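Trainee: I'd like to ask you about the structure that follows.
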Amino acid sequence: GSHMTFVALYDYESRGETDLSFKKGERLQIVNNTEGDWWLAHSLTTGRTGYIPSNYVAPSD
Ligand code: NI
């Protein structure tokens, strides 16, 4: 619900009111990773929240 950390593979610029912008390499906490194309996430560095495209991220190890 926040204990899964993913890393951005590519930069992403938000296009609407609900999606989260991020940079390649940024770490994102995933609230739920079972939801398909859009995952709800937040950055611990910027604090910002929003939906991210699930094809833009991989697990952060
Ligand atoms: Ni969690």
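Everything in the sequence shown is counted per PDB author numbering, starting at 81 for the first residue and increasing by one. Ideal Cβ placement from N, Cα and C applies to all residues, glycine included.
Would you report the Cα separation of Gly105 and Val87, rounded to the nearest angstrom?
Mentor: Working through the sequence shown from its first residue, we reach residue 105 at position 25. Working through the sequence shown from its first residue, we reach residue 87 at position 7. Cα to Cα, the separation comes out at about 6 Å.
Trainee: What does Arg128 pair with, by DSSP beta-bridge criteria?
Mentor: The residue you call residue 128 lines up with position 48 of the sequence shown. Bridge partners of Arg128: none, in fact.
Trainee: Any heavy atom of the ligand NI inside 6 Å of the beta-carbon of residue 173?
Mentor: Lying outside 81 to 141, the shown extent of the chain, residue 173 is not represented and no answer is given.
Trainee: Is DSSP giving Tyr92 helix, strand or coil here?
Mentor: Mapped onto the sequence shown, residue 92 falls at position 12. Looking at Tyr92 - three-state DSSP - the assignment turns out to be strand.
Trainee: For the ligand NI, I want to know if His122 counts as a neighbour, meaning its beta carbon is within less than 6 Å of at least one of the ligand's heavy atoms.
Mentor: Taking the first residue of the sequence shown as 1, we reach residue 122 at position 42. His122: no, Cβ never under 6 Å from the ligand NI.
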